[PDB]
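Scroll down for the structure; my scribbles are underneath it.
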Amino acid sequence: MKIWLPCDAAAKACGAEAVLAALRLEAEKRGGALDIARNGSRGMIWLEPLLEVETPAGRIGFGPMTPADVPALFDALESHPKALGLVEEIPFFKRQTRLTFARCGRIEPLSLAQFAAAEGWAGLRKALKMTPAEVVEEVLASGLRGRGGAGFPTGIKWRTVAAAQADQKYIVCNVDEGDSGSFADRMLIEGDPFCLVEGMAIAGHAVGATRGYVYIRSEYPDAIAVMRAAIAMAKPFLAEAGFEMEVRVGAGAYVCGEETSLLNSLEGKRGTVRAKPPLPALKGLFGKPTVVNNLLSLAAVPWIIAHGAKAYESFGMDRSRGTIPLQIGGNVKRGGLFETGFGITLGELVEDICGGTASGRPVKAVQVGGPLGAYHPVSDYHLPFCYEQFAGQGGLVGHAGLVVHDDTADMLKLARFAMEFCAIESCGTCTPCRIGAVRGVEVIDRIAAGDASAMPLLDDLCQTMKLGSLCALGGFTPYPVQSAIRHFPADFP
Amino acid sequence: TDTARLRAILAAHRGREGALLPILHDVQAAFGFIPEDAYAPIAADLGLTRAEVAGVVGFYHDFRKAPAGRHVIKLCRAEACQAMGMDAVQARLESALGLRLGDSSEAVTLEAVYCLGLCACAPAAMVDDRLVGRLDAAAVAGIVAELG
Ligand SMILES: Cc1cc2nc3c(=O)[nH]c(=O)nc-3n(C[C@H](O)[C@H](O)[C@H](O)COP(=O)(O)O)c2cc1C
Ligand code: SF4
Ligand code: FES
């Protein structure tokens, strides 16, 4: 029988390798077909080592398959302890719209056949027939905006880059998700990699670029190789587009996720954030215009242009339009990924969909965004997921990161970790992060001691950090602190 | 056979755009660190100065300034992995090896990485190019068993 054993890090980490080994062993001991596949992750990590088996009805999924439970197979798939039935029919997978991550976990990632059979290469082969302006207007009609920031319409960005003359423009994908809880990019590039290739090719054909780049971290060693193999395999499919893309590995810096620092690291220099009289769009990589975007933004481009922009605008609230993946990690029963339209309350996402906590305890904190995001408690369960409303209710929603902490968590430790992070992760260009962070890390310890001349001091520090810092690594660092302080005062003496 | 390797590496990355970072990656991958005896040739072949080649090496954490132990253990310290008890894993493991966070040795090197993508699998570690998740207080036993 056909076997689908994930090749993702979320599976390899949980021991998918041992599952493979045990399966092959038992098959050698018990004569059988033994057809193994190496798909990606479906987006449900609480059972990531799921051994989907083919059947006339569909594909029946299994739980977190430990090699000790492998012997249970080849006997009866119905009387198995870890039975899930149709993996597609799980209420955690059913409720997802799942557009961008549609063909992620149900195909071999580096298989061109399965990709093409899945409506792949449609966006690209459809765009080349169109013009550089028609594509841009398509993109703009949908108001996709920005997925790694406050949200800037990518249509306007592409327009600005297009209306700028130079012998050689550029395009960059900023997949450097050093934020915590954010693992969507990793999945999308380790599963369905050709989507990124396609989106970048489309974007390059649109803007007017011929050379392209993709910036991967070093903490994602599997994704790098996957993307390399994808680029090397799709060279033929890239030729038709007039587009040569190369992977560039980061070197261990969270601040290299900023557009300026990113393209500064691409240039061979050290990733110090630049000032912003000129925008990277006007003057970027090697002084030439460059369109720098996130992966999730360059993963919807093909879908947007092919399936119709009017469709992608249907999903979402009044201002925010389209589907977003919500990554759910930390202390939580059913973690993983939930792709859906905006307007959903995190109450539903955290109390109903993903149950509660793994420990079984209640939740005291829910941190949207990375460590640059406020600590939203249970009381904010009546707050739907959209950029405008969250940015209005003293917070931030970026790459849709979402962790969870139970009652056995100390907010002091976390508020200290925030500044510790802002300190260890800092280029050192402007003072409010150089000194501000390493002084706030002391002020928090002082607060822990019991001093009263620290809290107002801390407030002033946070305010000057907000209003003075050059980038958001030291302009949003105050948010965790202030949130942990104003939401959980029973932990801060 | 250092000059040879370095020259080969530099020849492999000849003509690229912003080729300092890749060249440094390859150098580190070859030896294990960026030797001060290789700040000059890189600078020369790229047209830079020793100063810039040193600044780039200093800014980035992935570029070792001195070698690590036979084994390496990276252990996230971010929010999610912290949530599901990374501190306990850290304590257990550093008691097992006897090396605190950041404290290196000739045997091992315990350090932080601050994410691996294994956020759902909150407790996450990287042991010698092998990722591990759901690191309970029992998995550490096997972590150290295969890791002398
Ligand atoms: C400290 C810091 C880290 C960032 N990290 C990322 C990241 O990992 N991924 C990302 O897409 N954008 C990141 N950004 C946002 C970039 O500045 C830029 O907005 C992004 O590359 C464009 O993505 P869009 O297509 O959603 O506009 C980061 C910004 C800052 C200040
Ligand atoms: S806030 Fe910190 S990381 Fe950001 S530009 Fe200033 S010094 Fe650099
Ligand atoms: S936060 Fe440690 S796994 Fe991503």
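Protein chains in written order, with the numbering used here: chain A, 735 to 1227; chain B, 5 to 152.
C-beta atoms are modelled at their ideal positions from N, C-alpha and C, and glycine is treated no differently.
Integer Cβ distance of residue i from residue j, believed to fall under 8 Å
i, j, result
"A/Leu-1071", "A/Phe-808", "So it is not a contact: roughly 31 Å between Cβ atoms."
"A/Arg-793", "A/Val-821", "6 Å"
"A/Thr-1079", "A/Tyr-1115", "6 Å"
"A/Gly-1063", "B/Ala-84", "4 Å"
"A/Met-921", "A/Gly-777", "7 Å"
"A/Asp-1141", "A/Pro-1214", "About 19 Å; that fails the 8 Å criterion."
"B/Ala-116", "B/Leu-79", "6 Å"
"B/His-29", "A/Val-909", "So it is not a contact: roughly 17 Å between Cβ atoms."
"A/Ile-936", "A/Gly-857", "6 Å"
"A/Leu-811", "A/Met-799", "12 Å between Cβ atoms; not a contact."
Beta-carbon proximity check, residue i vs residue j, cutoff 8 Å
i, j, result
"A/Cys-1196", "A/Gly-1005", "no"
"B/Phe-37", "A/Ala-985", "no"
"A/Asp-1144", "A/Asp-1194", "no"
"B/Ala-95", "A/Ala-744", "no"
"A/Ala-1171", "A/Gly-1209", "no"
"A/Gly-1002", "B/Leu-24", "yes"
"A/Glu-872", "A/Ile-1058", "no"
"A/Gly-1129", "A/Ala-1108", "yes"
"A/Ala-1188", "A/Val-1175", "no"
"A/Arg-832", "A/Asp-926", "no"
"A/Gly-1069", "A/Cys-1088", "yes"
"A/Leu-1000", "A/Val-906", "yes"
"residue 686 of chain A", "A/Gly-765", "Nothing about residue 686 of chain A can be reported from this structure: the residues present for chain A run from 735 to 1227 only."
"A/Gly-933", "A/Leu-844", "no"
"A/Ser-1054", "A/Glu-1122", "yes"
"residue 1299 of chain A", "A/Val-1026", "The requested residue 1299 of chain A does not occur in the structure, where chain A is confined to residues 735 to 1227."
"A/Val-1102", "A/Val-1131", "yes"
"A/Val-1137", "B/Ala-44", "no"
"A/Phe-1020", "B/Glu-150", "no"
"A/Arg-1008", "A/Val-981", "no"
"B/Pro-127", "B/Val-93", "yes"
Chain-ordered chain B contacts of residue i [CB-CB under 7 Å]
i, result
"A/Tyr-954", "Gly-121"
"A/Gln-1216", "By Cβ distance, chain B contributes nothing, its closest Cβ being about 16 Å from A/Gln-1216, past 7 Å."
"A/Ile-779", "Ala-124, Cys-125"
"residue 677 of chain A", "Lying outside 735 to 1227, the shown extent of chain A, residue 677 of chain A is not represented and no answer is given."
"A/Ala-1092", "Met-88"
7 Å Cβ cut-off: residues of chain A touching residue i
i, result
"residue 4 of chain B", "Lying outside 5 to 152, the shown extent of chain B, residue 4 of chain B is not represented and no answer is given."
"B/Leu-135", "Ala-743, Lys-746, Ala-747"
"B/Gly-152", "Within 7 Å Cβ-Cβ: nothing; B/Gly-152 doesn't reach chain A, min ~21 Å."
"B/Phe-67", "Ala-985"
Proximal chain A residues relative to residue i, where beta-carbon distance stays under 9 Å
i, result
"B/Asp-49", "Ordered by position in chain A, no residue passes the 9 Å Cβ test against B/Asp-49, which lies about 12 Å from the chain."
"B/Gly-59", "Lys-1003, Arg-1004"
Contacts that residue i makes with chain B (C-beta to C-beta distance below 8 Å)
i, result
"A/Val-1172", "Near A/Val-1172 there are no residues of chain B at all, since even the closest Cβ is about 16 Å away, more than 8 Å."
"A/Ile-824", "Those within 8 Å of A/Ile-824 in chain B number zero; the least Cβ separation is about 16 Å."
"A/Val-804", "Neighbours of A/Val-804 on chain B: none; closest Cβ ~18 Å, over 8 Å."
"A/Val-1137", "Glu-83, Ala-84, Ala-87, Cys-123"
"A/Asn-1065", "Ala-87, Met-88, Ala-126"
Under 8 Å from the C-beta of residue i: neighbouring residues of chain A
i, result
"B/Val-117", "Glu-953"
"B/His-29", "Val-983, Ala-985"
"B/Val-131", "Within 8 Å Cβ-Cβ: nothing; B/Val-131 doesn't reach chain A, min ~11 Å."
"residue 153 of chain B", "With chain B running from 5 to 152 in the structure shown, residue 153 of chain B is simply not present."
"residue 3 of chain B", "The structure shown has nothing for residue 3 of chain B, since chain B only spans 5 to 152."
"B/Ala-23", "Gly-1002"
"B/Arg-54", "Near B/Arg-54 there are no residues of chain A at all, since even the closest Cβ is about 14 Å away, more than 8 Å."
"B/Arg-74", "Ordered by position in chain A, no residue passes the 8 Å Cβ test against B/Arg-74, which lies about 19 Å from the chain."
Contact set between residue i and chain B, taken where Cβ atoms lie within less than 9 Å
i, result
"A/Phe-1151", "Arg-81, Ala-82, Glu-83, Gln-86"
"A/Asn-1028", "Going along chain B, no residue has its Cβ under 9 Å from A/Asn-1028, so there is no contact; the nearest lies around 16 Å."
Minimum Cβ-Cβ distance from residue i to chain D less than 8 Å
i, result
"A/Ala-1143", "Structure shown: chain D not included; protein chains present are A and B."
For this session: Could you name each continuous beta strand (DSSP E) segment of 3 residues or more that falls completely within the stretch 783-867 of chain A, going from the start of the chain to the end?
Result: Taken in chain order, the unbroken stretches of beta strand (DSSP E) that lie wholly in the stretch 783-867 of chain A and span 3 residues or more are 786-789, 792-796, 817-820.
Exercise. According to a CB-to-CB cut-off of less than 8 Å, which residues of the stretch 1101-1118 of chain A neighbour chain B?
Worked result: Interface annotation for the stretch 1101-1118 of chain A against chain B: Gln-1101, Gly-1104, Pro-1105, criterion Cβ-Cβ distance under 8 Å.
For this session: Let me know the alpha helix (DSSP H) ranges lying completely inside the stretch 1122-1206 of chain A, each 4 residues or longer, listed in chain order.
Result: List check, alpha helix (DSSP H) in window: 1145-1158, 1165-1183, 1189-1202.
Exercise. Which runs of the beta strand (DSSP E) spanning at least 3 residues fall entirely within the stretch 106-148 of chain B, listed in chain order?
Worked result: Scanning the stretch 106-148 of chain B for uninterrupted beta strand (DSSP E) segments of 3 residues or longer gives 128-131, 134-137, listed from N- to C-terminal end.
Exercise. Where are the alpha helix (DSSP H) runs, 4 residues long or more, that stay fully inside the stretch 19-65 of chain B, in chain order?
Worked result: 24-34, 44-50, 54-63, all fully within the stretch 19-65 of chain B.
Exercise. Taking Cβ-Cβ distances below 8 Å as the criterion, which residues of the stretch 89-108 of chain B are in contact with chain A?
Worked result: Listed in sequence order: no entries.
Problem set entry | Short-range partners of chain B found in the stretch 992-1023 of chain A, where Cβ spacing is below 9 Å | From the stretch 992-1023 of chain A, only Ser-999, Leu-1000, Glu-1001, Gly-1002, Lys-1003, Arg-1004, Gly-1005, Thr-1006, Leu-1019, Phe-1020 have a Cβ closer than 9 Å to chain B.
For this session: Could you run through the stretch 913-932 of chain A and flag, in chain order, every residue whose CB is less than 7 Å away from some CB of chain B?
Result: Correct list: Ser-914, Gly-915, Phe-917, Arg-920.
For this session: Anything in the stretch 1048-1062 of chain A with a Cβ closer than 9 Å to a Cβ of chain B? List those residues in chain order, please.
Result: Answer in chain order: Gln-1061, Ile-1062.
For this session: Please specify which runs of the beta strand (DSSP E), each continuous and at least 3 residues long, are wholly inside the stretch 869-939 of chain A, giving them in chain order.
Result: Those beta strand (DSSP E) runs which fall completely within the stretch 869-939 of chain A and span 3+ residues are 904-907.
Problem set entry | Length at least 3, wholly inside the stretch 1065-1127 of chain A: the beta strand (DSSP E) runs in chain order | Counting whole runs of 3 or more residues, the stretch 1065-1127 of chain A contains the beta strand (DSSP E) stretches 1070-1075, 1097-1102.
Problem set entry | Within the stretch 73-97 of chain B, ranges of the alpha helix (DSSP H) (whole runs, at least 4 residues) | As far as the stretch 73-97 of chain B is concerned, its whole alpha helix (DSSP H) runs of at least 4 residues are 83-87.
For this session: Taking a Cβ distance cut-off of 7 Å, strictly less, list which residues of the stretch 1183-1196 of chain A are near chain B, in chain order.
Result: If the cut-off is 7 Å between Cβ atoms, the stretch 1183-1196 of chain A has nothing near chain B.
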